[PDB]
Amino acid sequence: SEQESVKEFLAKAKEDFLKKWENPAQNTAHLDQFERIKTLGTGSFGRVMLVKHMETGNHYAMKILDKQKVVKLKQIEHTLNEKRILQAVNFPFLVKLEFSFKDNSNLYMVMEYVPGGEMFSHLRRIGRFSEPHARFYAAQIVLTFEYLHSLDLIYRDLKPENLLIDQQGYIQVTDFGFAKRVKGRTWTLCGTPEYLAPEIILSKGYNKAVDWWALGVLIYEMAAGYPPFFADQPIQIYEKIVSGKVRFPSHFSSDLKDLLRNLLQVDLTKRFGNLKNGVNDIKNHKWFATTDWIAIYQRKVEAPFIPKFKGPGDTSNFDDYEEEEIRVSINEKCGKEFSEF
Amino acid sequence: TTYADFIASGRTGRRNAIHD
Ligand SMILES: CC1(C)CCCN(c2ccc(O)c(C(=O)c3ccc(C(=O)N[C@@H]4CCCNC[C@H]4NC(=O)c4ccncc4)cc3)c2)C1
């Protein structure tokens, strides 16, 4: 009856997501309603900036994507997935999209500003998280994945760079560029090398189980300070993953080791998350015994780390990036391609 | 140590995703 009201919560969440998935919101703001302040991050096609919505005074993070660049790299269908999925989802550990729109040159997504910075930044500075600290984050991701997969979504880019820490020390997952709504199997060779499941590297065609592999990679990385498979070139990394020989630090508890040996399981019939009991194999695992799943969902557990936040619109938890004046062309580019945006 | 090797690797910065 514990896993009975999860069933019911999730059935209602599916209903909410489908309404929004089938009829997506478009054109709910305009660029000139926002003052741009600072670049909080970059990618191939654009950037994410701190902005201030001027009618409310609220701060947001606004992703900006250059339409021509997206097309040149053959990413039209993925950027349409990103926005379509993001406008439709609603979970406490998924960044909330407030507005989206486009102009002649760009696509824009305005999300909740998450001022704590990327887990990445903190993970590299401290060196490594203790197990209770990594457990706290890891459980949020367990629930997010339970949420996403029940909606038939695969996330596919789990890593510290994509987990933003909010004002209460909880996670907000960002960057849904590789997220996809699929029943059955898919084949795109995408993701971050260190995090790729073995089946992706091998062109098997794969499913939501690659997200559980990636969870294993993250937990290790949070608890060790480095990932289980690294080398200077991607090809060397794939070789390490496909072999699947993991060594653990002498400090990892035996519970943690056993959890990871099950998550980083090359054999899909043995891998946790992918079996008859799905996600409960992970939740009832010994390493998670101190974890109160409902209290996590409700944000009632005290975080072990709350970031310094000196005012709204402060960016000292993020790195500095080179800025660049947006230019909006006088002619529409790639109109037909992004009509649904 | 493995940590020292990680820190001397070129993979401690932000990691970009791949595409075919
Ligand atoms: C791997 C590729 C070269 C080819 C295949 C698909 N790719 C892809 C797909 C979808 C996309 O939207 C993009 C992008 O161009 C893009 C553009 C900008 C960003 C970006 O700046 N995101 C930041 C920085 C990277 C790490 N993730 C955290 C993210 N920050 C945030 O989202 C954030 C939100 C709220 N408050 C603070 C921060 C990320 C991605 C790129 C790029």
# chains A, B, ... in the order shown; residues from 1 in each chain; ligands from 1
>>> residues_around(residues="residue B:18", least_positions_apart="6", cutoff="12 Å", atoms="only C-alpha atoms", output="tab-separated table (two decimals) with C-alpha atoms, in the first residue's frame")
chain	number	residue	atom	x	y	z
A	43	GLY	CA	26.61	25.02	-25.33
A	44	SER	CA	27.13	24.44	-29.09
A	73	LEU	CA	24.46	20.06	-36.54
A	75	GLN	CA	19.69	18.67	-33.98
A	156	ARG	CA	19.95	10.45	-21.31
A	157	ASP	CA	22.39	13.15	-20.08
A	177	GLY	CA	18.32	18.26	-25.14
A	178	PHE	CA	18.66	14.44	-25.30
A	188	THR	CA	20.85	7.60	-31.16
A	189	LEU	CA	24.53	7.53	-30.27
A	190	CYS	CA	24.35	10.43	-27.78
A	191	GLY	CA	25.32	11.34	-24.21
A	192	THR	CA	28.49	12.11	-22.25
A	193	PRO	CA	31.29	9.51	-22.71
A	194	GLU	CA	31.90	8.80	-19.00
A	195	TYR	CA	28.13	8.16	-18.50
A	196	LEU	CA	27.23	6.11	-21.60
A	200	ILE	CA	24.85	2.60	-26.39
A	201	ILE	CA	28.54	2.27	-27.22
A	234	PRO	CA	36.62	9.11	-25.54
A	235	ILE	CA	37.64	5.87	-27.36
>>> residues_near_ligand(ligand="ligand 1", cutoff="7 Å", atoms="only C-alpha atoms and all ligand atoms", output="VMD selection string")
(chain A and resid 40 to 48 61 63 to 65 73 75 78 to 79 82 111 to 115 117 to 118 161 to 164 174 to 178) or (chain B and resid 16 to 19)
>>> closest_residue(among="A:266, A:210, A:107, A:237", to="chain B", atoms="only C-alpha atoms")
A:237
>>> residues_around(residues="residue B:7", least_positions_apart="6", cutoff="10 Å", atoms="only C-alpha atoms", output="ChimeraX atom specification")
/A:124,225-226 /B:13
>>> write_last_selection(atoms="N, CA and C atoms", output="compact mmCIF listing (two decimals), in the first residue's frame")
# COMPACT_ATOMS: atom_id res chain seq x y z
N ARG A 124 33.73 19.41 -7.59
CA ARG A 124 35.13 19.52 -7.98
C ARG A 124 35.88 20.33 -6.94
N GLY A 225 34.86 11.28 -6.15
CA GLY A 225 35.46 12.53 -6.58
C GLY A 225 35.90 12.50 -8.03
N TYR A 226 35.92 11.29 -8.60
CA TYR A 226 36.16 11.02 -10.02
C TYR A 226 35.22 9.89 -10.50
N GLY B 13 37.27 19.28 -16.48
CA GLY B 13 36.38 20.37 -16.85
C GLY B 13 34.97 19.90 -17.21
>>> residues_around(residues="residue B:9", least_positions_apart="5", cutoff="10 Å", atoms="only C-alpha atoms", output="short mmCIF file (atom, residue, chain, number, x, y, z; two decimals) with C-alpha atoms, in the first residue's frame")
data_model
loop_
_atom_site.label_atom_id
_atom_site.label_comp_id
_atom_site.auth_asym_id
_atom_site.auth_seq_id
_atom_site.Cartn_x
_atom_site.Cartn_y
_atom_site.Cartn_z
CA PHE A 230 37.95 8.08 -17.43
CA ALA A 231 40.90 8.50 -19.82
CA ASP A 232 42.14 11.40 -21.98
CA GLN A 233 40.27 10.37 -25.20
CA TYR B 3 42.55 10.89 -7.90
CA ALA B 4 45.99 12.30 -8.94
#
>>> closest_residue(among="A:103, A:221, A:255, A:211", to="residue A:160", atoms="only C-alpha atoms")
A:221
>>> atom_distance(atom1="atom CA of residue A:179", atom2="atom CA of residue A:86")
9.3 Å
>>> residues_around(residues="stretch 267-283 of chain A", least_positions_apart="4", cutoff="9 Å", atoms="only C-alpha atoms", output="PDB file with C-alpha atoms, in the first residue's frame")
ATOM      1  CA  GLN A   3       3.862   1.431  -3.521  1.00  0.00           C
ATOM      2  CA  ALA A 139      17.559   9.720  -3.992  1.00  0.00           C
ATOM      3  CA  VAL A 142      15.885   8.030  -8.230  1.00  0.00           C
ATOM      4  CA  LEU A 143      12.472   9.645  -7.854  1.00  0.00           C
ATOM      5  CA  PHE A 145      13.721   8.946 -13.064  1.00  0.00           C
ATOM      6  CA  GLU A 146      10.766   7.025 -11.592  1.00  0.00           C
ATOM      7  CA  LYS A 208      15.295   3.569 -20.105  1.00  0.00           C
ATOM      8  CA  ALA A 209      17.880   1.232 -18.458  1.00  0.00           C
ATOM      9  CA  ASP A 211      19.419   6.106 -17.248  1.00  0.00           C
ATOM     10  CA  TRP A 212      20.014   3.613 -14.365  1.00  0.00           C
ATOM     11  CA  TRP A 213      23.531   2.871 -15.594  1.00  0.00           C
ATOM     12  CA  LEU A 259      24.551  -0.875  -5.101  1.00  0.00           C
ATOM     13  CA  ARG A 261      27.833  -3.306  -8.861  1.00  0.00           C
ATOM     14  CA  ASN A 262      24.102  -3.693  -9.584  1.00  0.00           C
ATOM     15  CA  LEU A 263      23.694  -0.275 -11.278  1.00  0.00           C
ATOM     16  CA  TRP A 287      22.511   1.692   0.997  1.00  0.00           C
ATOM     17  CA  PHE A 288      19.185   3.608   0.873  1.00  0.00           C
ATOM     18  CA  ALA A 289      17.888   2.188   4.259  1.00  0.00           C
ATOM     19  CA  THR A 291      16.313   7.227   3.172  1.00  0.00           C
ATOM     20  CA  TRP A 293      11.466   8.618   0.081  1.00  0.00           C
TER      21      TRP A 293
END
